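Reading through the structure tokens given below for one structure.
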Ligand SMILES: CCCCCCCCCCCCCCCCCC(=O)OC[C@H](COP(=O)(O)OCCN)OC(=O)CCCCCCCCCCCCCCCCC
Ligand SMILES: CCCCCCCCCCCCCCCCCC(=O)OC[C@H](COP(=O)(O)OCCN)OC(=O)CCCCCCCCCCCCCCCCC
Ligand code: SF4
Ligand code: SF4
Ligand code: SF4
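Residue numbers (our numbering), protein chains in the order written: chain F, 1202 to 1377; chain Y, -3 to 265; chain E, 169 to 221; chain V, 23 to 340; chain B, 8 to 101; chain P, 39 to 190; chain X, 341 to 452; chain Z, 2 to 173.
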């Protein structure tokens, strides 16, 4: 359909034009709002007082990585070379080679933490359900020699909290 | 400072006062995109459509995911689309909260920014609860929506919407008829011509200028046809009648979000 | 969106405004001051990285 | 000990101009819905001792391209005519008694803008060059709006001194009778001293940063402490020239007490604006003075001249 | 009228909170000085108060005390210290 | 003797408690900087007042993506800043370039161009791991200007 | 005799405070490279300042309205007289001689 | 703060001039004036005339000069070197400065030398006042406001200014 805005004409009669000459010359407008709508300061401030208080999130949040393990640990990753092949940024790097018993596992697993674009494509391709984006924004170290991760940085970083992780998926896994 | 969340360097030869010349240099953000999307598959290369602009998120990808379902001869199931109207028409509340304000931070005011972004936050939750992340969120796909939304949000959309038409009434008494602003914008940068078409402009700086056309009701998207709305229009081609679309275009949306909470049929995604 | 009949695409050519709404600054503003040209831009809603078009 | 009455003035004021900068963002904080500098204080009241010390540690570069002889005598001012102007200003007892002294402000109100023209020129090219030129041009056209509407009332009080101007406002708060003028006494000092709604001189929007752009932490405390030594003075003036208190030959002290609970309300006006209104685009900025502000100010002068004469009113002075 | 009304909460926010000792000490850590209602058990030295459910987002808060693990004493507080359980509580994820 | 090391509980507490950060808007990451100065998480008034001119700053901040044509601009701006300067990158594109890291027209990494100090990792860092990236930099002044004059 | 004691007191705090700010770290041992990198964000800028007129007149235009409001200044002393009609009839002339001098030029300010 | 605080101003004034009375690169010309004008308005504030002194600040030194300084950006000189620039200004200076000095030296360095410079005595300000008096606004230029007797003096100045603008509305 339509509408027309800013289409109006002044009335042009001496009952009006005072009302527009009691405005220009006496400032009866322009004190209407910012004489007032500004104050209106008397509302409670809204601030999350940071070092202590913190704000909301959701169980589907994304962040620092992990590699779980079952009960008594198997290093849940089977090195099926997938979370590697859907990765848009191509951070992941994986090198398998048959472990002594003959069950296969990894050797090098490196997520670069600069390239990773935080998809949620590597949480959703792993069929054996290993690699999982943690909900901890712990980060920010002082040397780029660092953020590159090896395998045996990840596991700890994913065994430091599994009380966080293992209780999110069981909220979220019923939807997908 | 006047970069508008971006980077440009423009050069003008002004005549002593009047500009009469300008010739900007864009190309500071190029990044090399369309050479890099021949090298990625279809579902792997989606986000580089979300990261294109910073403000509208689910409205991009609504324009990719509709350019793929075609070549596939496939439509989403009914509960797909009626999401893509609720988020699709909730981010028109973002770029219209920004382009009335972070435009008018150049005009120098303070509060119409620090007054609003209290609120543009209460929306960013609703990207985080539905899927994951703060802004860029990859949700729409070639197949309709990714995964269903939690038990909730329909008491956090409704409760939030019925509060909102008031805040948009604190950007009105603070702007429209405030003189020092009316005088900063009227009859300024008027293109009324049929060059304003000849250049092939898109929506607003059209619809606010007279010539009357919109791609929401002349073409269907994804069931967009079944809800009623009116397309505000402007009088004279200056700026302050391209502003006045972007208020009366934030007071149309709350009609649709209010009209689209009643209809969502159960079904797959 | 061209597509060659197999998995990876071929040209995917995006156009967003910013090749129009800023094609028309030089035209639009000739004859007003400099302290307008700051407040002309804001109405087109030019936001960049999009002009990666 | 007359020298210890002076130095008791210059020092105790540099604390206000310091601790204004804090109440700058608390009051302007709650307009935004938030709290003001908080973490460091505990209340914040301890912020400005940490800020005064970051600058003078922080290295004071000079442009290789500057003329150093001017790059000193200019700021070696922005702190004189700000601290001299305070001298003859009754509260209630001014340090000096100047016969005609009211006129002496305009002497020192007129001689500061000749410290802008130096600095912005002293340094270098077009952000402070033609950018410090055209803030000269607006600063001198808001005097003619001034000296007249200062000269108006002085027909309504009899003389040029300030000891009479407490006597005449006795039980009549001199803002009734000329309330049309009083408005223009306000928009002037806000337009002349480069504050919020006509902001252009110091840049944010129209340019990068006006006139401050070159000075690093070293000199730039002075200006940032000079520009706030004018603003709390004209506003510590207006309220001796309009909203009068009632002298008390007995408890002088209750004069100032009730006097800072006015001049300190009044000031909190240039902060209560700055949250609110936008800028003028330098055409509209002067273009609204000749056409609009001025014709009245003459017209009223033809009025306050006759009103005493036409009522047998003529105020008791020479 | 409003001089003694609200004032009766603050004088009980002071004189009934640690007296003078347990007040200036919780203010110098931050200006968070409001005393929540309940308490919490966990864990080492770090409490969790939790407010009465009269706020949203500033209703759930925390307290750091001293030298967690090979740590500087107090005025160093970062916020990666919370035990990896409360991420399921303090962040309002659940 | 001991006066020096007690003096640096002043000067090394002054420079850490007032910062005048420049910012660079370039790319997506700029918006999740704004919301640090919006009232929710309120950047200013926690000691750090927001943007000033290039000359008056201390800590510049790099958001966004740095193409070729922007490098000649940055390295110049980083200079003019006064002494006590730092560089805190943020976002997954100042760390080695997000993606675009294989492109032709993106510099790879923005450590290459300047001596960067603190990092933060992800498309937009969540407006949180920003401030917890600064409460690293206000804790990254434990340094002493003693023991250069006063040892060697 | 105490005015000049209240002036040279004021400058000498100010003319002191330049050196204790500008000069003191100016001889500090930091790097301070001589590179021609200074004069921010208009890197080179080689031109004369061209004559731009509507900058100029707003000088002249004032200077003349200025004079007579020195002539106009001694009204409030002159309100005490013998024959006063020669005042009101005369006083009101200057003003209208000022206001006329507007109305003419007011046909052309240009962009002021 | 002796009786010579007048004689010490003028001989700074007389030296206020010779700065810009030679050839100083006239962005320092101003700084040869606002000192001279300042000390000039200094001398006048003795003798009892006050109002008439404090005006030179308002109408001339404050108001006029700024126009003299608001240009010399329009006529703007070249950035050759300025001031000490060309090696020539310095030569002309001293011989002026000494010429009063060598005057001021033996003008009276002794009892008298000789006649034409000997009829000016010094040091008590012999003339500088007379007796006592009453008060009118002060006595002297306290009454400088005549819209009484002076009229044909104003109405020319009143009318001669009104034409000041018409001439300058044109050639501009
Ligand atoms: C018989 C006795 C005599 C009887 C006389 C009867 C009454 C006459 C007295 C009236 C005189 C009042 C003051 C003079 C009028 C106000 C000044 C004025 O004329 O403003 C005109 C201004 C021009 O605007 P306009 O013509 O519309 O052009 C723009 C179009 N886009 O239009 C405007 O609105 C400009 C508004 C002001 C611009 C700056 C405002 C910035 C905010 C500052 C407000 C704070 C001041 C409040 C006062 C505080 C006092 C303590
Ligand atoms: C950069 C570093 C180098 C510079 C360092 C020195 C800088 C000095 C700058 C001077 C600036 C202030 C000069 C303004 C002069 C104002 C004098 C004045 O107006 O005093 C008013 C008063 C009037 O007398 P009245 O009140 O009518 O009668 C009293 C009867 N008992 O008058 C009196 O009471 C009598 C006057 C007594 C004072 C003696 C004269 C003093 C003025 C000399 C100023 C010399 C000019 C210096 C350079 C000025 C440049 C701006
Ligand atoms: S997690 Fe899934 S994807 Fe990553 S390696 Fe183990 S199996 Fe292959
Ligand atoms: S996180 Fe995002 S980017 Fe890093 S690997 Fe998994 S998908 Fe690829
Ligand atoms: S990564 Fe950070 S910078 Fe690169 S695009 Fe995503 S947001 Fe903008």
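Just so it is clear, CB atoms sit at the ideal spot from N, CA and C, and this is done for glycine as well.
Extent of the continuous beta strand (DSSP E) run through residue i
{"i": "residue 1307 of chain F", "result": "1307 to 1310"}
{"i": "residue 98 of chain P", "result": "97 to 100"}
{"i": "residue 331 of chain V", "result": "Counting along the chain, residue 331 of chain V falls outside any beta strand (DSSP E), though it belongs to the alpha helix (DSSP H) covering 328 to 331."}
{"i": "residue 129 of chain V", "result": "Where residue 129 of chain V is concerned, there is no enclosing beta strand (DSSP E), although the alpha helix (DSSP H) it sits in stretches over 124 to 132."}
6 Å Cβ shell around residue i - same chain, five flanking residues per side excluded
{"i": "residue 81 of chain Y", "result": "256"}
{"i": "residue 72 of chain Y", "result": "140"}
{"i": "residue 123 of chain Y", "result": "133"}
{"i": "residue 97 of chain V", "result": "241 and 244"}
{"i": "residue 235 of chain V", "result": "149 and 150"}
{"i": "residue 24 of chain Y", "result": "3"}
Status (buried if at least 16 other CB within 10 Å, exposed otherwise) for residue i
{"i": "residue 405 of chain X", "result": "buried"}
{"i": "residue 25 of chain Z", "result": "buried"}
{"i": "residue 239 of chain V", "result": "buried"}
{"i": "residue 116 of chain Y", "result": "buried"}
{"i": "residue 160 of chain Z", "result": "exposed"}
{"i": "residue 360 of chain X", "result": "exposed"}
{"i": "residue 313 of chain V", "result": "exposed"}
{"i": "residue 87 of chain Z", "result": "exposed"}
{"i": "residue 67 of chain B", "result": "buried"}
Neighbourhood of residue i by C-beta, 7 Å cutoff - its chain only, sequence neighbours within 5 removed
{"i": "residue 265 of chain V", "result": "195, 197 and 284"}
{"i": "residue 142 of chain Z", "result": "50, 52 and 53"}
{"i": "residue 50 of chain V", "result": "293, 296 and 297"}
Span of the alpha helix (DSSP H) around residue i
{"i": "residue 387 of chain X", "result": "Neither: residue 387 of chain X is in no alpha helix (DSSP H) and is coded neither H nor E."}
{"i": "residue 129 of chain Y", "result": "Note, residue 129 of chain Y: premise wrong, no alpha helix (DSSP H); not H, not E."}
{"i": "residue 1249 of chain F", "result": "Run containing residue 1249 of chain F: none; DSSP gives neither H nor E here."}
{"i": "residue 277 of chain V", "result": "275 to 288"}
{"i": "residue 445 of chain X", "result": "425 to 445"}
{"i": "residue 55 of chain P", "result": "49 to 55"}
Contact set for residue i: own chain, Cβ-Cβ below 8 Å, skip 5 residues either direction
{"i": "residue 16 of chain Y", "result": "9 and 10"}
{"i": "residue 18 of chain Z", "result": "33 and 37"}
{"i": "residue 90 of chain V", "result": "84"}
{"i": "residue 133 of chain V", "result": "103"}
For residue i, the nearest candidate out of the options (CA to CA)
{"i": "residue 243 of chain Y", "options": "Y:126, Y:118, Y:145 and Y:167", "result": "Y:167"}
{"i": "residue 205 of chain Y", "options": "Y:44, Y:0, Y:213 and Y:190", "result": "Y:190"}
{"i": "residue 134 of chain P", "options": "P:143, P:147, P:89 and P:112", "result": "P:147"}
{"i": "residue 233 of chain V", "options": "V:135, V:201, V:181 and V:54", "result": "V:135"}
{"i": "residue 102 of chain Y", "options": "V:303, V:320 and V:103", "result": "V:303"}
{"i": "residue 169 of chain V", "options": "V:128, V:159, V:327 and V:154", "result": "V:128"}
{"i": "residue 219 of chain V", "options": "V:307, V:231 and V:332", "result": "V:307"}
With a floor of 4 residues, list each alpha helix (DSSP H) that falls wholly inside the stretch 218 to 253 of chain Y, ordered by position along the chain. 236 to 239 and 241 to 244
In chain order, which continuous runs of the alpha helix (DSSP H) of length 4 or greater are located wholly inside the stretch 94 to 173 of chain Z? 155 to 170
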